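Trainee: coordinates only, sequence not included:
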């Protein structure tokens, strides 16, 4: 109850009868990634600290000049 | 004689329109953050959503409470509402475009915040159950701690410029925005404004009240909260980011009406509120009050000392 149902066309024996077409193509599609990776590329310590301190000093100087004008 | 009530109406109604559209835009932008659209069916772009919600809460069958049913329960929401609005009284939207030039505006804003604390505590206790009373006490303590921090920050920005009425402050910024040099001060003031209205990371009081009552009463209460939110945003941009002043001072910016600049800054800060809401888990209560009394008070005090120091050694102090 299987021969022609599975494949009738031209085989001589029960082996090499069917064509399946079920799973993956030859190659495993890829090597995939699973490990985390988060790059840390922001200005780390001294850049940000100098930015804060320098902009603070310069902002204070600007406040001084402005209060001079306003007076 | 009759001009003053006209001005008051023109201050009140647009604020209510804006706060309805504020909660609408809140839902919308948090949605967009979370990879989804917000309300987009009722209106052309969801614009008719707040109107529909208002009409629903109006036609909804009311339920009067059973706890001091007059002069103590049907008053406190009105109390916090009146306090928020009377705070909205003195805010400059442009040169002279104010309601009252109260020459001590800052003290005024600080006092009104404390009176809002009164509003919330009496609204909490006016109910019957006691867990609402414990929640009210928690919210009161949090609000008052972050108010003392806000006070010290105000003292800093005041040291930087002599007078107190807000127009003079925005001129002082017209030289150079105080947000630039005192950037950490701005960050601390913003965190304190967040904790002051319990919005983004500090919500455990409200979260617990939701974990364990009139329709119009709750509507008035949420309205007061969001109005106070817009107020805090407004004074933050009125004393730390310029207050109706174009950037880079080039005579093509000077065609913008100035009032537009204030609206742009306050809308940016509102967007920042809603953004920082939908990115962070909530603190507990213990850690909340601990940070209030350990991390922001000393930092703010140190900042007062430091700015006073730097501005008293050189002839930079008006």
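Mentor: That came in fine, so what should we check first? Residues are numbered from 1 along each chain as shown, chains lettered A, B, ... in the order given.
Trainee: strands of chain B, start to end?
Mentor: Counting by DSSP state E, chain B has no strands to list.
Trainee: where does it come near chain A, residue by residue?
Mentor: B:160-161, B:171-172, B:174-176, B:178, B:180-184, B:307, B:310-311, B:314-318 (CB under 8 Å from any CB of the partner chain). Quick note: C-beta positions are derived from backbone N, CA and C, even for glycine.
Trainee: return the backbone torsion pair for the residue most central in space within chain A.
Mentor: By CA atoms, centre = their mean, chain A has its centre lying nearest to residue A:37, at 8.6 Å. When read as degrees, to the nearest 10, the backbone of residue A:37 gives phi -160, psi 110.
Trainee: what distance do you get for it to chain B?
Mentor: 22 Å (CB to the nearest CB, to the nearest Å).
Trainee: contacts for the longest helix along chain A next, please.
Mentor: When every helix of chain A is counted residue by residue (DSSP state H), the longest turns out to be helix A:46-70. By CB atoms under 8 Å, 6 or more residues apart in numbering or on different chains, the residues outside helix A:46-70 that reach it are A:43, B:160-161, B:171-172, B:174-176, B:178, B:180-184, B:307, B:310-311, B:314-318.
Trainee: how does it look with 10 Å?
Mentor: Helix A:46-70 is contacted from outside by A:42-43, B:160-162, B:168, B:171-185, B:306-307, B:310-311, B:314-318, using CB atoms under 10 Å, 6 or more residues apart in numbering or on different chains.
Trainee: buried among the residues you listed? Need that as a selection in ChimeraX.
Mentor: A single ChimeraX command selects the buried members of those (16 or more other CB atoms under 10 Å in any protein chain shown):
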select /B:160,161,168,171,172,173,174,175,176,177,178,179,180,181,182,183,185,307,310,311,316,317,318
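Trainee: in helices, which of the contacts of helix A:46-70 fall?
Mentor: Reading helices off the contacts of helix A:46-70 with DSSP H, I get B:168, B:171-175, B:183-185, B:306-307, B:310-311.
Trainee: would you list the residues you listed in CSV and tack on distance to residue B:281?
Mentor: Formatted as CSV, the ones in helices among the contacts of helix A:46-70 follow (distance: CB to CB, whole Å):
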residue, distance to residue B:281
B:168, 41
B:171, 41
B:172, 38
B:173, 35
B:174, 40
B:175, 40
B:183, 25
B:184, 24
B:185, 26
B:306, 32
B:307, 33
B:310, 37
B:311, 39
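Trainee: related to what we said a few turns ago, tell me the buried residues in the longest helix of chain A?
Mentor: Neighbour count says helix A:46-70 has A:56, A:59, A:60, A:62, A:63, A:64, A:66, A:67 buried, by 16+ other CB under 10 Å.
Trainee: the closest residue to residue B:177 other than its chain neighbours and chain A: what is the separation?
Mentor: The shortest distance from residue B:177 to any non-neighbouring residue, by CB to CB, 6 or more residues apart in numbering or on different chains, is to residue B:242 (4.8 Å). Distance of residue B:242 to chain A, given as CB to the nearest CB: 12 Å.
Trainee: correct me, but residue B:242 touches residue B:173?
Mentor: Yes: counting by CB atoms under 10 Å, residue B:173 is a contact partner of residue B:242 at 4.9 Å.
Trainee: so what sits against both of these two?
Mentor: Counting by CB under 10 Å, 6+ apart, the residues touching both residue B:242 and residue B:173 are B:179, B:180.
Trainee: residues contacting the residue nearest to residue B:177?
Mentor: Contact partners of residue B:242, counting by CB under 10 Å, 6+ apart, are B:170, B:173, B:174, B:176, B:177, B:178, B:179, B:180, B:261, B:262, B:265.
Trainee: how near is the first one to chain A?
Mentor: Using CB to the nearest CB, one gets 12 Å for the distance from residue B:170 to chain A.
Trainee: that residue and residue B:123, how far apart?
Mentor: For residue B:170, the distance to residue B:123 (CB to CB, to the nearest Å) stands at 34 Å.
Trainee: same deal with the fifth one?
Mentor: When distances are taken as CB to CB, residue B:177 and residue B:123 turn out to be 37 Å apart.
Trainee: check the third one too.
Mentor: Computed as CB to CB, the residue B:174 to residue B:123 distance reads 40 Å.
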